[PDB]
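Enquirer: One structure follows; several queries about it will come next.
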Amino acid sequence: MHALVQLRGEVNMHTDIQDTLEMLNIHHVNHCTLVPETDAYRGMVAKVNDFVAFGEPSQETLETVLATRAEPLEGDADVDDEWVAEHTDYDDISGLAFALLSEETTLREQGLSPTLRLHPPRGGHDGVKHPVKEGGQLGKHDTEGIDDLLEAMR
Amino acid sequence: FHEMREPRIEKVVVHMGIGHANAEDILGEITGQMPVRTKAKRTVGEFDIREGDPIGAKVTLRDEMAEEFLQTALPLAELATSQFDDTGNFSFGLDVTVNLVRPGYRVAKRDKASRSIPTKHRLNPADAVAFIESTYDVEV
Amino acid sequence: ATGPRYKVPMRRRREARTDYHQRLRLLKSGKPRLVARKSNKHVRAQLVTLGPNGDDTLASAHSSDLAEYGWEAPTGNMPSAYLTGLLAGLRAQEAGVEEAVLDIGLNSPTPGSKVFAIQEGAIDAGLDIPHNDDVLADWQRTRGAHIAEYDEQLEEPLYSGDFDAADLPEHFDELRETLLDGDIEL
Amino acid sequence: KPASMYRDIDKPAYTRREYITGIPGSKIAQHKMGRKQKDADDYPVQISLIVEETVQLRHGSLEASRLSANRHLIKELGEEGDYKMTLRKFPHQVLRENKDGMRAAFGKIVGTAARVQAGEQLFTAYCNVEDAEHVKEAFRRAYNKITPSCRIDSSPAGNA
Amino acid sequence: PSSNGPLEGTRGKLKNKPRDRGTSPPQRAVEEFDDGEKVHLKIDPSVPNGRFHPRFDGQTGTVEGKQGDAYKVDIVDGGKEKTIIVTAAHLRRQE
RNA sequence: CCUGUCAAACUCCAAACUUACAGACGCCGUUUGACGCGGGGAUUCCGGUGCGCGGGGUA
RNA sequence: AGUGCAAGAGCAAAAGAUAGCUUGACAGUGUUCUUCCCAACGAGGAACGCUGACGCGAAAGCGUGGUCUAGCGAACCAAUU
RNA sequence: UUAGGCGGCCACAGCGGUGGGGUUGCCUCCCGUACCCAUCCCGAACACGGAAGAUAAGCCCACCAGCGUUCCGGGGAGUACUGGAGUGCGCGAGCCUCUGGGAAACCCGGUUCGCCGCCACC
Ligand SMILES: [Cl-]
Ligand SMILES: [Cl-]
Ligand SMILES: [Mg+2]
Ligand SMILES: [Mg+2]
Ligand SMILES: [Mg+2]
Ligand SMILES: [Mg+2]
Ligand SMILES: [Mg+2]
Ligand SMILES: [Mg+2]
Ligand SMILES: [Mg+2]
Ligand code: NA
Ligand code: NA
Ligand code: NA
Ligand code: NA
Ligand SMILES: [Sr+2]
Ligand SMILES: [Sr+2]
Ligand SMILES: [Sr+2]
Ligand SMILES: [Sr+2]
Ligand SMILES: [Sr+2]
Ligand SMILES: [Sr+2]
Ligand SMILES: [Sr+2]
């Protein structure tokens, strides 16, 4: 399960690449989605590779982001252990985080909006004109690199 | 093994390449059977621009007709090694061609499952000169 | 053989056993084929149908198993060929086959030949096969008459292993008589 | 006419003689020089002139460089010196010139050139360890008459 | 193109790989397909008749009946539905 | 045999990729009716730039 | 190689050659595609049918001109069946 | 299939080569032209009739790789080329990096001297 965050805007991006992001429920910059690691989804991320940042986050990190940015499919009801426990097949955020990372369920499946609307990266990111290996922020990241970004955007 | 390997006469073709015929009558006499006309192909400067039209005649003899002919025909020639083919054929002279081959030649002349004759079963000049020379005449 | 670009004919073409152009025209009928073959000593009839991995023979008859019903004569003649066709035809009706198209393979359509005799036999067996009567030898020849008279010009029995002296077309009748009959184990 | 006009590979390959007529003859007099009866393996030293950029070299340039190079080898080793040099490229590309404005502009045929990819050997010489420096000088004079920069690379030669 | 006949620009698609050169096997020319079957369309260079417009080479249509021995195959050219008359010699079952 | 070179109108080979059909996942539609169909009204048929691939031309 | 003529393509117990026979280069009426990719538009064209009448072949079958892609022309008027 | 017939795929099946196989069995070569039929001339072939001989052809069986072909290992080669991205480099033609794909020739070693279906048959 990889976390996907759009870091580059839609202006001038190929249309089929933009439609791919939308199919992955991402419609804005800084919006994050959780995608299972399958052959089908694999082709998709590889296609949006140059306008996003993705990788597998640590259980803790996913827990922090879920706590701070997860939302109900509808309404402004805050999402916390009590909410999770009273609306999902889990006891708390941790139970959810684990099930997501292990690809046993999805946010939509548990009555949550498929997207985590993150905040701009505190302290800024490494840039959207270069990949990770070249010092940029685009493309695949380490769990530590991905956690660094997601935590900065908490 | 030797019986089905010892040569024989497939056919004796006698033909007169004229070039415009009246010569059929002698072939009909010297061989004993009806001859056939010979047409040419391709236009020719030597006033031979007519593709299909009499230009020669021939008679193909087999079995007795062939041998009864060679008996009185071979003595009229002076066979030599060069006068022999690479397949074991020889022709002299009015041309006179003798086609020799082994028993199961039919395998290449039949319609169904025909097949080409293996070089091993193909007659040889050596085997040819022999067989023939081994019957009323000399070599080189 | 010569190189990469070299074109080798289909196997059955180089073996000189299948005339594909005639084959295709045959298959276009949509009907089973009455495949008539012949060897120096024998004659074979098969009802072949098209199949996924190759043709499919539904019924057939050989001149050999003709004896199985009372035949002590040679098996490479006209009477032989006809009866074989009839035998194959009868078995054809057994398996539910009702019509066919003559496939003489690489044999010649000579009038009164054996492949046409095999056809007349298969047709009398009740099979519906497109044909032409004035191409079939006359009844008597099928029976074996032509060979009887040949033996007539005797001096030395036509047949070696005395099957009979003045040969027999009347036997052909006995065998045909035995096949057209119901009983018979096809 | 300036080489700037044809030195780049900015056009389709144009070599089909069956559809092109009036192609001027080449100015290259020889492609194999020195003692062409002797093998190349019969020499201890093998030095080539390598092109550093992909380009097109017109036959008039191949001739000038080759000439100005073999000429030196002849002057330093004699009309029969124990050496041999090879110009391994032939001018297959046909060149045009639109010589009426841009209307029906397809040009008339004016010459030929050889396409050389960077890193390739244009010339190659074979000499004895003695004349190894005379050939390096012949190439120095050769690369001065062709468009790109060149490396004088010494293949078989560990006598330094 | 310089001309607009049916065989314009069909040099490749209507040429046989040298080894497939020569009269083709009768089996595929007599094959029977059922309505509803998915069939790929591809002209066989060696077969003259029963062809469709070369422009449709590569289509995977649906047999929806037949006309004589030929088959009527339904395809969707772009967004336009068309019916193609084609003989088995130029068809192949899908999958 | 050996040794030196090529092809827009060559090909024993041969991609990336484009493309037909289908299944799967995704997205979407069944009160926001999608897909498809019928009808009313148009405007439009001087385009331009970047990037990729070009063809002509010294440009 | 040949296959009437450009080019590209097709063809070998043939689509080429020869021989013989024959007039399907036939009448009626359609389906579909093309013309005009997608996407509406005529003439013209092609492939594939049904009906009628025939030719050749043992028969399957082949023949809606020449192996395939060029060789074409509205309304009004005239002549013709 | 101790030798047969009709095939599908249509060279992994081609080219070439070696060895083995047949008394009333099979396929053949083979023997022979009164007939049906046949040759622009030839019972050569086609067609018919037949068993004195034979396993030399063909054919079937076992096998060999020199040429041709198929697939595969290792090397060439993650090279050549390339879909997506870049305020990376270059005077420039052009190159590079990241991401996703990825040859061809050729060499060396293997594989390949058909596989499969239906019917018939000591
Ligand atoms: Cl047969
Ligand atoms: Cl069509
Ligand atoms: Mg909301
Ligand atoms: Mg920055
Ligand atoms: Mg092309
Ligand atoms: Mg007017
Ligand atoms: Mg008039
Ligand atoms: Mg032997
Ligand atoms: Mg710059
Ligand atoms: Na004549
Ligand atoms: Na073919
Ligand atoms: Na029309
Ligand atoms: Na044998
Ligand atoms: Sr240009
Ligand atoms: Sr220079
Ligand atoms: Sr394209
Ligand atoms: Sr036609
Ligand atoms: Sr004979
Ligand atoms: Sr400059
Ligand atoms: Sr790969």
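Chain lettering (A, B, ...) mirrors the order of the structure tokens, residue numbering begins at 1 for each chain separately, and ligand numbering begins at 1 in order of display.
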Residues within 8 Å of ligand 8 should be enumerated using only C-alpha atoms (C1' of nucleotides) and all ligand atoms and returned as a VMD selection string.
Expert: chain H and resid 20 55 to 56
Enquirer: Let's have the selection written as a PDB file, in the first residue's frame, with C-alpha atoms (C1' of nucleotides).
Expert:
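What landed in selection.pdb:
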ATOM      1  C1'   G H  20      17.937 -52.054 -40.805  1.00  0.00           C
ATOM      2  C1'   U H  55      13.393 -55.338 -50.911  1.00  0.00           C
ATOM      3  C1'   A H  56      17.877 -52.307 -55.380  1.00  0.00           C
TER       4        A H  56
END
Enquirer: Around ligand 10, out to 9 Å and counting only C-alpha atoms (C1' of nucleotides) and all ligand atoms, which residues are there? I want them as a PyMOL selection string.
Expert: (chain B and resi 21+36-39+52-57) or (chain H and resi 40)
Enquirer: So which bits of segment 5-94 of chain E end up helix (DSSP H, G or I) when you DSSP the backbone, as a PyMOL selection string?
Expert: chain E and resi 18-20+27-30+54-56+88-90
Enquirer: Write a file of the selected residues as a compact mmCIF listing (two decimals), in the first residue's frame, keeping C-alpha atoms.
Expert:
# COMPACT_ATOMS: atom_id res chain seq x y z
CA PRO E 18 7.88 -14.89 -47.52
CA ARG E 19 7.26 -18.19 -45.74
CA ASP E 20 3.49 -17.71 -45.70
CA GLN E 27 -9.05 -25.44 -43.30
CA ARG E 28 -9.41 -21.78 -42.32
CA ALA E 29 -11.28 -21.01 -45.53
CA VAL E 30 -14.03 -23.48 -44.64
CA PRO E 54 -8.09 -2.94 -45.89
CA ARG E 55 -8.78 -0.05 -43.55
CA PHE E 56 -10.57 -2.54 -41.28
CA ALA E 88 -13.74 -17.17 -43.19
CA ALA E 89 -10.45 -17.13 -45.07
CA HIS E 90 -9.91 -13.66 -43.61
Enquirer: Enumerate residues in contact with ligand 14: an atom-to-atom distance of at most 12 Å, counting only C-alpha atoms (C1' of nucleotides) and all ligand atoms. Format the result as JSON, numbers by chain.
Expert: {"D": [5, 6, 8, 9, 10, 11, 12, 13], "F": [54, 55, 56, 57, 58, 59], "H": [93]}
Enquirer: Tell me which protein, DNA and RNA residues are within 10 Å of residue 69 of chain B, counting only C-alpha atoms (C1' of nucleotides), leaving out same-chain ones fewer than 4 positions away, and put them as an MDAnalysis selection string.
Expert: chainID B and resid 12 14 30:32 61:62 64:65 73:74
Enquirer: DSSP on the backbone: which residues in chain B end up as strand (DSSP E or B)? Give the answer as a PyMOL selection string.
Expert: chain B and resi 8-17+36-39+44+48+54-61+84+90-92+95-101
Enquirer: Print the selection's residues with N, CA, C and O atoms to a file, as a short mmCIF file (atom, residue, chain, number, x, y, z; two decimals), in the first residue's frame.
Expert:
data_model
loop_
_atom_site.label_atom_id
_atom_site.label_comp_id
_atom_site.auth_asym_id
_atom_site.auth_seq_id
_atom_site.Cartn_x
_atom_site.Cartn_y
_atom_site.Cartn_z
N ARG B 8 18.57 -50.73 -68.12
CA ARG B 8 17.60 -51.10 -69.14
C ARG B 8 17.36 -49.87 -70.01
O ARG B 8 17.95 -48.81 -69.79
N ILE B 9 16.48 -50.01 -71.00
CA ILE B 9 16.18 -48.90 -71.89
C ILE B 9 14.82 -48.31 -71.60
O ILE B 9 13.79 -48.97 -71.75
N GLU B 10 14.82 -47.05 -71.17
CA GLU B 10 13.57 -46.36 -70.89
C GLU B 10 12.92 -45.96 -72.21
O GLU B 10 11.74 -46.23 -72.43
N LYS B 11 13.71 -45.33 -73.08
CA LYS B 11 13.20 -44.89 -74.38
C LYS B 11 14.31 -44.55 -75.37
O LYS B 11 15.43 -44.19 -74.99
N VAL B 12 13.98 -44.68 -76.65
CA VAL B 12 14.91 -44.35 -77.72
C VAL B 12 14.20 -43.28 -78.53
O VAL B 12 13.22 -43.56 -79.22
N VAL B 13 14.67 -42.04 -78.42
CA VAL B 13 14.06 -40.94 -79.14
C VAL B 13 14.84 -40.56 -80.39
O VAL B 13 15.99 -40.13 -80.31
N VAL B 14 14.21 -40.74 -81.54
CA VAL B 14 14.84 -40.40 -82.81
C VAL B 14 14.16 -39.12 -83.30
O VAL B 14 12.93 -39.04 -83.34
N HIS B 15 14.95 -38.13 -83.67
CA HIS B 15 14.38 -36.87 -84.13
C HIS B 15 15.23 -36.14 -85.14
O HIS B 15 16.46 -36.20 -85.09
N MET B 16 14.56 -35.46 -86.06
CA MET B 16 15.24 -34.68 -87.09
C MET B 16 14.87 -33.22 -86.94
O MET B 16 13.76 -32.81 -87.28
N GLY B 17 15.81 -32.43 -86.42
CA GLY B 17 15.56 -31.01 -86.26
C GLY B 17 15.85 -30.32 -87.57
O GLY B 17 17.01 -30.06 -87.90
N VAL B 36 5.95 -37.35 -84.35
CA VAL B 36 5.19 -36.16 -84.00
C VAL B 36 5.95 -34.89 -84.36
O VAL B 36 7.17 -34.85 -84.33
N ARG B 37 5.19 -33.85 -84.68
CA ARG B 37 5.75 -32.56 -85.06
C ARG B 37 6.43 -31.87 -83.89
O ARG B 37 6.13 -32.15 -82.72
N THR B 38 7.35 -30.97 -84.21
CA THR B 38 8.09 -30.22 -83.21
C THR B 38 7.96 -28.73 -83.46
O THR B 38 8.37 -28.22 -84.50
N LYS B 39 7.40 -28.02 -82.48
CA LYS B 39 7.21 -26.57 -82.58
C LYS B 39 8.34 -25.87 -81.83
O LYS B 39 8.96 -26.45 -80.93
N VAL B 44 12.75 -15.58 -84.02
CA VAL B 44 14.14 -15.76 -84.43
C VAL B 44 14.49 -14.99 -85.70
O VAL B 44 13.76 -15.05 -86.70
N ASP B 48 12.48 -17.03 -88.58
CA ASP B 48 11.81 -18.00 -87.74
C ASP B 48 11.05 -17.20 -86.68
O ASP B 48 11.30 -17.33 -85.48
N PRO B 54 5.45 -26.25 -87.37
CA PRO B 54 6.37 -27.33 -87.70
C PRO B 54 7.80 -26.85 -87.92
O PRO B 54 8.04 -25.88 -88.64
N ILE B 55 8.75 -27.54 -87.29
CA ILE B 55 10.17 -27.20 -87.39
C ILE B 55 10.99 -28.47 -87.19
O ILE B 55 12.19 -28.50 -87.45
N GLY B 56 10.31 -29.53 -86.75
CA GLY B 56 10.97 -30.80 -86.53
C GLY B 56 9.99 -31.92 -86.25
O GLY B 56 8.78 -31.71 -86.25
N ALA B 57 10.52 -33.11 -86.01
CA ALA B 57 9.70 -34.28 -85.71
C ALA B 57 10.53 -35.24 -84.88
O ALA B 57 11.77 -35.18 -84.88
N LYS B 58 9.86 -36.12 -84.15
CA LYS B 58 10.56 -37.10 -83.32
C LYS B 58 9.70 -38.33 -83.12
O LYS B 58 8.50 -38.30 -83.36
N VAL B 59 10.35 -39.40 -82.68
CA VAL B 59 9.69 -40.67 -82.44
C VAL B 59 10.31 -41.25 -81.18
O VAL B 59 11.52 -41.43 -81.11
N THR B 60 9.48 -41.52 -80.18
CA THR B 60 10.00 -42.09 -78.95
C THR B 60 9.63 -43.57 -78.94
O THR B 60 8.45 -43.94 -78.99
N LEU B 61 10.65 -44.42 -78.90
CA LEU B 61 10.43 -45.86 -78.90
C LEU B 61 10.73 -46.45 -77.53
O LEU B 61 11.64 -45.99 -76.83
N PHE B 84 28.59 -39.46 -73.67
CA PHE B 84 27.72 -39.91 -72.60
C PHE B 84 27.38 -38.81 -71.60
O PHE B 84 28.20 -37.94 -71.29
N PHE B 90 23.18 -41.34 -73.50
CA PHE B 90 24.06 -41.09 -74.64
C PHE B 90 23.22 -40.95 -75.90
O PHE B 90 22.21 -41.64 -76.07
N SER B 91 23.65 -40.05 -76.78
CA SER B 91 22.94 -39.80 -78.03
C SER B 91 23.96 -39.61 -79.15
O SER B 91 25.02 -39.02 -78.94
N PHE B 92 23.64 -40.12 -80.34
CA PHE B 92 24.54 -40.01 -81.48
C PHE B 92 23.84 -39.54 -82.76
O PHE B 92 22.61 -39.60 -82.87
N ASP B 95 19.21 -37.17 -85.17
CA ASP B 95 19.71 -37.49 -83.83
C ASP B 95 19.09 -38.79 -83.33
O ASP B 95 17.99 -39.16 -83.72
N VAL B 96 19.83 -39.49 -82.47
CA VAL B 96 19.34 -40.73 -81.89
C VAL B 96 19.73 -40.72 -80.41
O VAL B 96 20.91 -40.80 -80.07
N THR B 97 18.72 -40.59 -79.55
CA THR B 97 18.96 -40.54 -78.11
C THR B 97 18.49 -41.80 -77.39
O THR B 97 17.38 -42.29 -77.61
N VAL B 98 19.36 -42.31 -76.53
CA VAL B 98 19.06 -43.51 -75.76
C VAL B 98 19.02 -43.15 -74.28
O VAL B 98 20.01 -42.68 -73.71
N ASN B 99 17.85 -43.35 -73.67
CA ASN B 99 17.66 -43.04 -72.27
C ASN B 99 17.68 -44.34 -71.47
O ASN B 99 16.77 -45.17 -71.58
N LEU B 100 18.72 -44.51 -70.67
CA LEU B 100 18.89 -45.71 -69.85
C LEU B 100 18.61 -45.39 -68.39
O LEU B 100 18.87 -44.28 -67.93
N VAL B 101 18.10 -46.37 -67.66
CA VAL B 101 17.80 -46.17 -66.25
C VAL B 101 17.55 -47.51 -65.54
O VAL B 101 17.45 -48.55 -66.19
#
Enquirer: With only C-alpha atoms (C1' of nucleotides) and all ligand atoms counted, collect every polymer residue having an atom within 12 Å of ligand 5; state the result as a PyMOL selection string.
Expert: (chain E and resi 8-15) or (chain F and resi 8-11) or (chain G and resi 8)
Enquirer: Keeping only C-alpha atoms (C1' of nucleotides), write the selected residues as a PDB file, in the first residue's frame.
Expert:
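Once everything was written out, this is again.pdb:
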ATOM      1  CA  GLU E   8      -3.508   3.073 -50.989  1.00  0.00           C
ATOM      2  CA  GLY E   9      -0.719   2.583 -48.465  1.00  0.00           C
ATOM      3  CA  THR E  10      -1.397  -1.139 -48.107  1.00  0.00           C
ATOM      4  CA  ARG E  11       2.062  -2.311 -49.174  1.00  0.00           C
ATOM      5  CA  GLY E  12       2.772  -3.979 -45.837  1.00  0.00           C
ATOM      6  CA  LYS E  13      -0.568  -5.203 -44.546  1.00  0.00           C
ATOM      7  CA  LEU E  14      -1.364  -6.910 -47.867  1.00  0.00           C
ATOM      8  CA  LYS E  15       2.025  -8.524 -48.354  1.00  0.00           C
TER       9      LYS E  15
ATOM     10  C1'   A F   8      12.667   8.119 -48.006  1.00  0.00           C
ATOM     11  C1'   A F   9      10.656   5.140 -52.585  1.00  0.00           C
ATOM     12  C1'   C F  10      15.689  -2.320 -49.487  1.00  0.00           C
ATOM     13  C1'   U F  11      14.328  -6.077 -45.465  1.00  0.00           C
TER      14        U F  11
ATOM     15  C1'   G G   8       2.999  -1.866 -55.083  1.00  0.00           C
TER      16        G G   8
END
Enquirer: Just checking: using only C-alpha atoms (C1' of nucleotides) and all ligand atoms, which residue out of F:2, F:51, F:22, F:17 ends up closest to ligand 16?
Expert: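 That would be F:17, the residue with the smallest distance to ligand 16.
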